[PDB]
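Undergrad: Let me give you the structure first, and then I'll get to my questions.
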Amino acid sequence: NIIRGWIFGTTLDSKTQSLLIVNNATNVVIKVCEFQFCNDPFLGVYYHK
Amino acid sequence: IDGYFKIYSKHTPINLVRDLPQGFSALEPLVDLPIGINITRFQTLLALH
Amino acid sequence: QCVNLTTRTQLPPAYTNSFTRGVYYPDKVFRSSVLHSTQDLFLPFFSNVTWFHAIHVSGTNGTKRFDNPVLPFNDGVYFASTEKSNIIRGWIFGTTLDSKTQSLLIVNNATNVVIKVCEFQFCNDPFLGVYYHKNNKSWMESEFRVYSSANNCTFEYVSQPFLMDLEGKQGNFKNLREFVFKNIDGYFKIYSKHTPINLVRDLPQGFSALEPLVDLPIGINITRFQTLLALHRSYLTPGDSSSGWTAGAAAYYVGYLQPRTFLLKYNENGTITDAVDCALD
Amino acid sequence: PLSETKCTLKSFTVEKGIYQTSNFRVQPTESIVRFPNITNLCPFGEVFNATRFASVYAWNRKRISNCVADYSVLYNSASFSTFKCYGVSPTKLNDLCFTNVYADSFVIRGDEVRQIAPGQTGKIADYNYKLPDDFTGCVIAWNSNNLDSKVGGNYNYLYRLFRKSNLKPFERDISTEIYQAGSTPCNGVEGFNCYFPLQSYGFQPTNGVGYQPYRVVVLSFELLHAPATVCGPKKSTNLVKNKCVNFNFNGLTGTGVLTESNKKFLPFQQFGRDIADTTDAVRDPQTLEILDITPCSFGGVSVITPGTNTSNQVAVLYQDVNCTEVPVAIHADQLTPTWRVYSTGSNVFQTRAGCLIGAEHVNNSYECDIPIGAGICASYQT
Amino acid sequence: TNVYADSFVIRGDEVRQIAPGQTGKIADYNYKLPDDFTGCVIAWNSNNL
Amino acid sequence: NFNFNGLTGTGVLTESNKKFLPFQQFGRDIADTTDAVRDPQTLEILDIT
Amino acid sequence: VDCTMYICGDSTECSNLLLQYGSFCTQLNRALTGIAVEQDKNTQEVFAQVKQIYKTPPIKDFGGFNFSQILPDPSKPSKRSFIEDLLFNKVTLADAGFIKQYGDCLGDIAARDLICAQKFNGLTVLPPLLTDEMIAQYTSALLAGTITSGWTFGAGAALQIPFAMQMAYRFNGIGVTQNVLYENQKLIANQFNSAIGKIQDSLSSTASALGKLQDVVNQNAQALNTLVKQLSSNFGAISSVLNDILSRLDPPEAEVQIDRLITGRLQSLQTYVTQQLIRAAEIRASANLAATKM
Amino acid sequence: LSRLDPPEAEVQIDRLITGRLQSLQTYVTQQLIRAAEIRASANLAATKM
Amino acid sequence: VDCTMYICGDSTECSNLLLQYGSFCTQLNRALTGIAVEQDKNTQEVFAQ
Ligand SMILES: *[C@@H]1O[C@H](CO[C@@H]2O[C@@H](C)[C@@H](O)[C@@H](O)[C@@H]2O)[C@@H](O[C@@H]2O[C@H](CO)[C@@H](O[C@@H]3O[C@H](CO)[C@@H](O)[C@H](O)[C@@H]3O)[C@H](O)[C@H]2NC(C)=O)[C@H](O)[C@H]1NC(C)=O
Ligand SMILES: *[C@@H]1O[C@H](CO[C@@H]2O[C@@H](C)[C@@H](O)[C@@H](O)[C@@H]2O)[C@@H](O[C@@H]2O[C@H](CO)[C@@H](O)[C@H](O)[C@H]2NC(C)=O)[C@H](O)[C@H]1NC(C)=O
Ligand SMILES: *[C@@H]1O[C@H](CO)[C@@H](O[C@@H]2O[C@H](CO)[C@@H](O)[C@H](O)[C@H]2NC(C)=O)[C@H](O)[C@H]1NC(C)=O
Ligand SMILES: *[C@@H]1O[C@H](CO)[C@@H](O[C@@H]2O[C@H](CO)[C@@H](O)[C@H](O)[C@H]2NC(C)=O)[C@H](O)[C@H]1NC(C)=O
Ligand SMILES: *[C@@H]1O[C@H](CO)[C@@H](O[C@@H]2O[C@H](CO)[C@@H](O)[C@H](O)[C@H]2NC(C)=O)[C@H](O)[C@H]1NC(C)=O
Ligand SMILES: *[C@@H]1O[C@H](CO)[C@@H](O[C@@H]2O[C@H](CO)[C@@H](O)[C@H](O)[C@H]2NC(C)=O)[C@H](O)[C@H]1NC(C)=O
Ligand SMILES: *[C@@H]1O[C@H](CO)[C@@H](O[C@@H]2O[C@H](CO)[C@@H](O)[C@H](O)[C@H]2NC(C)=O)[C@H](O)[C@H]1NC(C)=O
Ligand SMILES: *[C@@H]1O[C@H](CO)[C@@H](O[C@@H]2O[C@H](CO)[C@@H](O)[C@H](O)[C@H]2NC(C)=O)[C@H](O)[C@H]1NC(C)=O
Ligand SMILES: *[C@@H]1O[C@H](CO)[C@@H](O[C@@H]2O[C@H](CO)[C@@H](O)[C@H](O)[C@H]2NC(C)=O)[C@H](O)[C@H]1NC(C)=O
Ligand SMILES: *[C@@H]1O[C@H](CO)[C@@H](O[C@@H]2O[C@H](CO)[C@@H](O)[C@H](O)[C@H]2NC(C)=O)[C@H](O)[C@H]1NC(C)=O
Ligand SMILES: *[C@@H]1O[C@H](CO)[C@@H](O[C@@H]2O[C@H](CO)[C@@H](O)[C@H](O)[C@H]2NC(C)=O)[C@H](O)[C@H]1NC(C)=O
Ligand SMILES: *[C@@H]1O[C@H](CO)[C@@H](O)[C@H](O)[C@H]1NC(C)=O
Ligand SMILES: *[C@@H]1O[C@H](CO)[C@@H](O)[C@H](O)[C@H]1NC(C)=O
């Protein structure tokens, strides 16, 4: 369960609306917003020990 | 297409080691999202360990 | 209250070939990709099955027969039926099938399933039935004439409410209902499988194994049993309670179990796909 | 059948011979109407009595489901000057179910109402809101001149004037990136050849008609190809099996004989199609049973005719009827059906060519005349 | 031939409902033309009468 | 080491692809030794090596 | 063809509109009828040449010759010869000598059964006037005629002639002296008897020789299957289904869509009939030669 | 295609497609008729050979 | 005959519309093929005796 989502859009930047689809722990969220995306976006799991 | 972001899908069990399996199946309609946006490019979202 | 049906045409029994039917999963164990040798009471392969052809409603010289005889239980019973309209609904298992001792009554009636063990005073010619027609096209069930009385009831089980399809149909048989009934050391064990069919005349040739279904903790002596069928009654077939009826579209088969050893074939998913009757030849 | 032959041949006289006639047909006797278990009325109030409409610049899209499209509820107090349906004749709305239904909502200027239609051009058609070439829905609009108007002007209503390209159907774009013109680089600052892309409307109560605000509702939907969650006000009936009937299944009409099927429709498939794209099975909307639909008409008929200038008696051959009185079962509700013949007479003869009714049969043999088929011929005798 | 003139007063928004094939409270409950109407329709704004 | 509903033993537990019927709690290999179990809290199938 | 059913099967509005293209629906029927008439006449010209139906003689002593695999086998329920059973068993017909009942299509099967599907669209098949048994009687008669009288069974009263003499005369006809037959009578009979067995064995082994007959059958089946498949075409219409048109459109709009489909369906039928007529001319030519050769 | 939008162009295209197909159907039909005649000639020629 | 080229030679929009009566385009070629095959057989029957 590593591949969790996609970003679909024009420039994938804050200038216009774009579509973000993410399967995160416990839910699925879909939004269309003027997102200020990270150049190197990611999700992640850390806790152990 | 024409205001909709159409997504088709299928989930199939595999036991492969290296690459896309050879085989055939057809994907089901799943969903039609009424989102009026211009998608020119996209980005894949992965989780880190 | 019960009534003897007096319009039955007197016809002979039929007999058929059991082929490879009557096989069931020997235990609650997952096995796969293996051939396994076991021993139990099974319907022998290619055995002599009595065919209770029971759809004789046809003809000018009508052959109407509603066949619900008492048959021996022996060492266990193989039962199977083919139907299109939910006619074969139950069984009576017991000693004399009379009020002198406790016996087991299993009936699938409209909206529920009831199992009881009682000192039942059974009817010599028990039946269930559906009558209502004309004012609206829905069929409605109202008759239950299996026993006149009962007492000393134990093991009372009632299932949950549901709806039942009562309408009679034309065309082929649609539902194959295969069962194995055994009475061992306090338990009445019932195995079953429900398979879609599209046959016209007799038990289909083929193979499947029945699943465990249930173990009923009923300490009774079953020596014989009787099959319970529903009647079709309507405005179209006038008469009093002994004559104003027709047979419905269903028929059944009875075979007997014998001790045998088998080689059973479990495929990669643990499904029994084949078998060898070691005593067949 | 003899008169049918006379009509075909445009004559009151038919020569001795064999004539073909129309296939044996029966008529339907009752109609079956089936709709999904929808108890609610559609949100006509929310759609037409909204406190606010979006500007055309950034129009809204409401999803509609699990309701009755009883359009007549608007007859008491709504009034629409503008109305046009594209994918359906409006007189059919009450017999249909609708699916994948959405209502677009916005305000435009009155002279711009004409630009909503597909195939139109202009600043709204090109930069604010567009319908596809093959739009299958219907458009409603009205003159809200006492709602969306303000004495000093209503500046809450906006439209796009500039874009570098045209919109595609059903797109929205809320970008305020400043429009650059004339190959004159601009860093987001209004000025020579640099414009804020949006402009406001006036909509004062004192303006003439072309400048009054209008509310536009666009109903976008599909018909007959998917399960529906929205349907008209027609009431259902009970369903009758193994009879020749008329029917309406979620707006899909036709006639035929409904029989139980063994086809397994996927959860999203409401209707099927045969090898030549004709519906041959449906999923019932109240109980998800699959029924096959078989036509009522079938077989064939031919008529054995002596010259009509000699006798008006004919014999009739049925191509799909055996006529052999084979014993059959008694259905508890139904009476044993008859042969699909027009009439059963005093003389019924069965052959490989089909059963023949009305000709006497003999065990003799003779020279052929008026050939029937499969070894059989006939003649007129005293 | 067989010439008749029908005559009535309606609300201006309802003028469009006169044509055959239209629906609405006038088209459905007050006055309707046939699918195969062979005539001609005239209307005007009597706002001072 | 382990105890699965009273059935004890030792070994390495790995995820399996065996499909137990709803009434089968334990399986057996070709020489009648348990080689897979259905976990009692979550119905996962584990192979025992 | 029920030219109404092919176009407006079970559709009232379509049916009334279709009344306008009247004499044309009838004209197609006349053309097909003419073909049907010729098919029985062709059969009659080839086989029903002699009205004297001779029984196979009780005497099988046709010199040293056998002919038993040519002559009808009296022990069979059929009136066919051994070779004829092979010819009949090898050519595949969709069915023969059987009538499908309406109730037989009341199931899923109607969509898989091409005969049923064709009937529901107005396409039917007419039975032949002469049956296999009658044809077998005609071939039987011709064989009895030629085995006993040979040339003289026709053009006058049949005259019995000893078989060896019949062949002697046939040899004289070729121009081979009669002396050869008598001197080599056993050789000739053995070569013949062997040759017939070889044909029968050849027939049992390879059915490809019958491909011409199989093709006639297949071509008619294909033409009818084509008419069914063509029903799916829109022809400029929104949909090829009358019910979709009727459900969504009012009369004046439905009429346009209906006319587009009616024209298209008519083109399919007109094309069909034309092809059947062309094929009919070709089968007649073959039949005429076959009758001539008989 | 240049002057009309798709839905209007479709009408014009359907007229031409129908037309062209009718022309091809005429062609094929005439070739089939001629083919029957050439076969007859060939059969006669073969007989004479 | 390339029945597509004859109708929609080098034209995409036309070509897509032409796909609806597709079986017909195929049947025209089948008929022509039958003629073409017979033409070689005619030659063989006349000369290759
Ligand atoms: C069309 O579907 C039927 C029915 O199958 C059921 O419904 C389908 C729509 C799917 O949802 C299926 O997942 C579902 O089971 C198919 O008939 C069935 O085929 C299977 C094999 O794939 C048969 O299983 C066999 O069972 C015997 C006895 O246990 C074993 O010995 C065999 O090794 C094998 O496991 C199954 O019995 C059969 N069902 C019936 C009632 O006969 C059908 O094959 C399918 N058609 C196509 C083209 O896929
Ligand atoms: C027409 O009817 C005869 C009569 O037979 C009965 O009715 C048939 C429809 C069928 O149901 C038979 O089983 C009934 O006995 C048919 O002749 C029968 O043919 C079948 C098939 O070969 C054979 O099994 C029966 O024994 C035959 N019965 C008798 C007494 O002849 C005939 O085939 C029917 N023709 C049709 C339907 O085309
Ligand atoms: C996965 O996404 C969901 C949905 O966005 C997160 O849950 C939401 O958390 C916000 C916190 O401000 C609440 O206001 C929402 O009501 C919550 N939504 C639901 C459906 O519960 C969830 O926390 C995210 N997962 C992780 C691991 O962070
Ligand atoms: C059906 O008929 C049988 C007789 O053939 C009935 O059996 C008898 O019933 C009476 C009571 O009415 C008893 O006194 C006899 O001892 C019974 N005889 C036998 C041999 O059992 C039977 O009761 C009838 N059943 C119904 C429902 O009418
Ligand atoms: C089918 O059997 C059920 C169970 O015996 C019948 O329902 C019972 O009716 C009695 C009436 O005295 C109630 O006391 C029980 O509580 C009911 N049980 C349940 C589970 O509801 C039912 O009426 C029978 N069906 C028909 C058609 O008569
Ligand atoms: C169909 O009609 C029958 C006949 O009226 C209804 O069954 C009757 O129900 C009443 C109680 O309301 C009983 O007193 C009668 O004895 C019943 N009739 C018979 C013949 O037993 C039946 O409920 C109706 N069904 C539907 C779905 O409306
Ligand atoms: C089975 O039921 C019978 C009733 O048919 C029981 O008979 C009892 O007999 C005594 C005799 O002294 C009476 O005082 C009781 O009143 C009777 N009971 C009833 C309910 O009538 C018999 O005891 C019961 N047996 C068992 C094991 O329960
Ligand atoms: C839209 O709003 C109007 C009011 O502006 C509603 O019409 C009123 O309905 C009530 C009954 O609920 C009547 O007593 C009033 O007389 C009506 N007012 C007028 C001016 O006619 C109308 O029903 C609402 N429409 C919808 C679909 O909710
Ligand atoms: C969808 O986005 C693309 C990519 O940005 C747009 O295409 C560009 O448009 C700009 C002008 O705004 C031109 O300068 C670029 O040269 C175009 N690039 C390409 C590859 O064509 C496209 O116009 C947008 N579509 C809509 C409807 O806005
Ligand atoms: C013609 O040839 C057949 C064989 O092809 C001869 O009949 C066979 O005789 C043997 C005797 O042992 C039988 O076993 C075969 O079954 C017979 N076959 C057939 C088809 O009948 C026949 O006698 C010969 N007749 C003449 C006149 O020569
Ligand atoms: C003509 O050739 C045939 C063979 O093609 C000769 O007949 C065969 O002779 C052999 C001699 O060993 C026999 O075993 C075969 O049984 C004969 N066949 C038949 C059908 O009889 C024949 O003798 C030659 N004739 C002349 C005049 O030369
Ligand atoms: C079963 O036994 C009876 C004994 O009367 C016999 O007549 C019948 O043929 C047998 N049937 C089979 C299927 O062996
Ligand atoms: C929906 O089902 C109920 C029974 O649960 C029935 O009474 C009602 O009439 C059905 N509905 C509609 C919308 O017709």
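Undergrad: For region C:235-275, what is the convex hull volume of the alpha-carbon atoms per residue, in Å³?
TA: Numbers: hull volume 6.7 nm³, N = 41.
So the per-residue hull volume is 162 Å³.
Undergrad: Using Cα pairs under 8 angstrom and six or more residues apart, how large is the relative contact order of region C:14-281, in percent?
TA: Details: 676 pairs, mean separation 88.4, N = 268.
Once divided by the residue count of region C:14-281, the mean separation gives 33 percent.
Undergrad: Hey, what angle do you get for helix H:6-48 against the long axis of chain H, alpha-carbon based, 0 to 90 degrees rounded to 10?
TA: Approximately 0 degrees, to the nearest ten.
Undergrad: Expressed as a rounded percentage, what relative contact order does region D:57-121 have, with Cα pairs under 8 Å and six or more residues apart?
TA: On the way: 26 pairs, mean separation 37.4, N = 65.
Once normalised by length, the contact order is 58 percent.
Undergrad: Peptide H:17-25: average number of partner chain Cβ atoms within 10 Å per residue?
TA: Working: counts 9, 8, 1, 6, 9, 1, 2, 9, 8.
Counting other chains' Cβ atoms within 10 Å and averaging over H:17-25 gives 6.
Undergrad: For n ≥ 4 DSSP H runs only, could you compute -39500 (n - 2.57) per run for the protein assembly as shown, divide by its residues and tell me the 222 nm figure to the nearest 500? Before the final figure, lay out the partial values.
TA: Numbers: 20 runs with 279 residues, N = 1251.
So the helix-based figure for the protein assembly as shown works out to -7000 deg cm²/dmol.
Undergrad: How large is Rg/Rh for chain A, to two decimals, with Cα atoms and a Kirkwood Rh? Intermediate results must be reported in sequence, preceding the final value.
TA: Values: Rg = 12.5 Å, Rh = 12.1 Å.
Ratio value, two decimals: 1.04.
Undergrad: Identify the trypsin sites (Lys or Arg not before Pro) of chain H meeting these criteria: DSSP loop state and at most 11 other C-beta atoms within 10 Å of the C-beta. Don't jump to the answer; show the numbers that get you there.
TA: Numbers: sites: H:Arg3, H:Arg15, H:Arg20, H:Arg34, H:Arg39, H:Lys48; in loops: H:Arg3.
Passing both the DSSP loop test and the Cβ count: H:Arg3.
Undergrad: Would region D:286-377 count as rounded, prolate or oblate if I go by the C-alpha gyration tensor, calling it rounded below 1.5 in a/c and otherwise prolate when a/b exceeds b/c, oblate otherwise?
TA: On the way: a/c = 2.56, a/b = 2.13, b/c = 1.20.
In terms of gyration-tensor shape, prolate.
Undergrad: Now a separate question. Taking the Cβ-Cβ separation of D:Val189 and B:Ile7 as r and a Förster radius of 41 Å, what is the calculated FRET efficiency to the nearest 0.05? Working shown, then result.
TA: On the way: r = 41 Å, r/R0 = 0.99.
The pair D:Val189/B:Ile7 has a calculated efficiency of 0.50.
Undergrad: Now for a different question. Between C:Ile184 and D:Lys84, with labels modelled 7 Å along Cα→Cβ, what's the label distance in nm to one decimal, could you check?
TA: Placing both labels 7 Å beyond Cα along the Cβ direction yields 8.1 nm.
Undergrad: In what sequence do G:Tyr182, A:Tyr47 fall when counting other Cβ within 10 Å, fewest first? Provide the component values of the computation, followed by the final result.
TA: Working: G:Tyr182 14, A:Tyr47 4.
Starting with the residue having the fewest Cβ neighbours, the order is A:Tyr47, G:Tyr182.
Undergrad: Additional query: Would you compute, for the Cα atoms of region C:14-281, the largest minus smallest coordinate along each principal axis and list the three values in descending order, in whole Å?
TA: In descending order, the Cα extents are 59, 44, 33 Å.
Undergrad: In nm, to one decimal, how far is the D:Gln313 label point from the A:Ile30 one, both placed 7 Å along Cα→Cβ?
TA: The answer from the label model is 7.6 nm.
Undergrad: Also: Take peptide D:66-72, look around each residue's Cβ out to 10 angstrom, count Cβ atoms belonging to other protein chains, and average those counts. Before the final figure, lay out the partial values.
TA: Details: counts 0, 0, 0, 0, 0, 2, 5.
Per-residue shielding by partner chains comes out at 1.
Undergrad: Could the peptides C:256-264, D:109-117 be put in order, highest first, of the mean number of other beta-carbon atoms found within 10 Å of their residues?
TA: Details: C:256-264: 16.9, D:109-117: 18.4.
Ranked from most to least packed, the peptides come out as D:109-117, C:256-264.
Undergrad: Right, next: If I model chain D as equal point scatterers sitting on the Cα atoms and use the Debye formula, what is log10 I(q)/I(0) at q = 0.10, 0.12 Å⁻¹?
TA: So the normalised log intensities work out to -0.82, -0.99.
Undergrad: For q = 0.22 Å⁻¹, what log10 I(q)/I(0) does region D:51-183 give under the Debye formula with an equal point scatterer on each alpha carbon and no solvent?
TA: -1.59
Undergrad: With N set to the number of residues, divide the alpha-carbon radius of gyration of chain I by 2.2 N^0.38 Å and report two decimals.
TA: Values: Rg = 16.0 Å, N = 49, 2.2 N^0.38 = 9.7 Å.
Working it through for chain I, the quotient is 1.65.
Undergrad: Sort out for me the Cα centre separation of region D:110-137 from region D:178-233, rounded to whole Å.
TA: 10
Undergrad: Next question, about the same structure. Within a 10 angstrom radius of the beta carbon, how do G:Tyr138, C:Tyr24 rank from fewest other beta carbons to most?
TA: Numbers: G:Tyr138 21, C:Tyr24 24.
In order of increasing Cβ crowding within 10 Å: G:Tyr138, C:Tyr24.
Undergrad: Work out Dmax and Rg for region C:60-103 from the C-alpha atoms and quote the Rg first, both in angstrom.
TA: 14.2, 44
Undergrad: Where the centre of each part is set by its Cα atoms, how far does region G:87-107 sit from region A:6-22, in angstrom?
TA: 63
Undergrad: Fewest Cβ neighbours within 10 Å first, please rank C:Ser81, D:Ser22 accordingly.
TA: Details: C:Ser81 22, D:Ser22 16.
Placing the least packed residue first, the sequence is D:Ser22, C:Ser81.
Undergrad: Between region E:1-36 and region D:59-106, how many Å separate their Cα centres?
TA: 22
Undergrad: So, one more: Once you have the alpha carbon radius of gyration of chain G, what is it after dividing by 2.2 N^0.38 Å, with N set to its residue count?
TA: Details: Rg = 26.6 Å, N = 294, 2.2 N^0.38 = 19.1 Å.
So chain G has a normalised radius of gyration of 1.40.
Undergrad: Round to the nearest 10 and give me the degree value, 0 to 90, for the angle of helix G:211-229's Cα axis relative to the longest principal axis of chain G.
TA: In chain G, helix G:211-229 runs at an angle near 10 degrees to the longest axis.
Undergrad: What area, in nm² and to one decimal, does the C-alpha convex hull of region G:177-294 cast on average over all directions? Could you put the intermediate results ahead of the total?
TA: Numbers: hull surface 47.9 nm².
So the Cα hull casts an average projection of 12.0 nm².
Undergrad: Right, next: Could you tell me which of rounded, prolate or oblate describes chain E, using a ≥ b ≥ c as the square roots of the eigenvalues of the alpha-carbon gyration tensor, with rounded for a/c under 1.5 and, failing that, prolate when a/b is larger than b/c and oblate otherwise?
TA: On the way: a/c = 2.19, a/b = 1.22, b/c = 1.79.
Judged from the Cα gyration tensor, chain E comes out oblate (a/c at least 1.5, b/c at or above a/b).
Undergrad: If N is the number of residues in region D:226-277, what value comes out of its Cα radius of gyration divided by 2.2 N^0.38 Å?
TA: Details: Rg = 12.5 Å, N = 52, 2.2 N^0.38 = 9.9 Å.
Expressed relative to 2.2 N^0.38 Å, the Cα Rg reads 1.27.
Undergrad: Now, a different point. Trypsin sites (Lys or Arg not before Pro), restricted to region D:46-90: which are DSSP loop and have at most 16 other Cβ atoms within 10 Å?
TA: Numbers: sites: D:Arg52, D:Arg61, D:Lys62, D:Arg63, D:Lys84; in loops: D:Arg52.
Sites meeting the loop and neighbour criteria: D:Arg52.
Undergrad: While we're here: Calculate how many DSSP beta bridges within the protein assembly as shown are antiparallel, expressed in % of all such bridges and rounded to the nearest 5.
TA: Working: 178 of 195 bridges.
Among the beta bridges of the protein assembly as shown, antiparallel pairing accounts for roughly 90 percent.
Undergrad: May I pose another question? Mind checking which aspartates and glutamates have their C-alpha under 14 Å from B:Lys6, skipping anything on the same chain fewer than 8 residues away?
TA: Qualifying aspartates and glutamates at Cα under 14 Å: B:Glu28, B:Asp32.
Undergrad: Provide, for q = 0.09, 0.10 Å⁻¹, the log10 of I(q)/I(0) from a solvent-free Debye sum over equal Cα point scatterers in the protein assembly as shown.
TA: For the requested q values the scattering log ratios are -1.40, -1.46.
Undergrad: Please compute the contact order of chain A in relative form: average sequence separation of alpha-carbon pairs under 8 Å and at least six residues apart, divided by the residue count, as a percent.
TA: Numbers: 62 pairs, mean separation 14.6, N = 49.
For chain A, the relative contact order is 30 percent.
Undergrad: A further question follows. Let a ≥ b ≥ c be the square roots of the eigenvalues of the Cα gyration tensor of region D:170-250; is it rounded (a/c under 1.5), or, if not, prolate (a/b larger than b/c) or oblate? Please list the in-between numbers first.
TA: Numbers: a/c = 6.25, a/b = 2.59, b/c = 2.41.
Taking the square roots of the gyration eigenvalues as a ≥ b ≥ c, region D:170-250 is prolate.
Don't worry about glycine lacking a Cβ; one is built from the backbone with ideal geometry, like all the others, and counts go over all protein chains shown. Coordinate-derived values only; no laboratory data.
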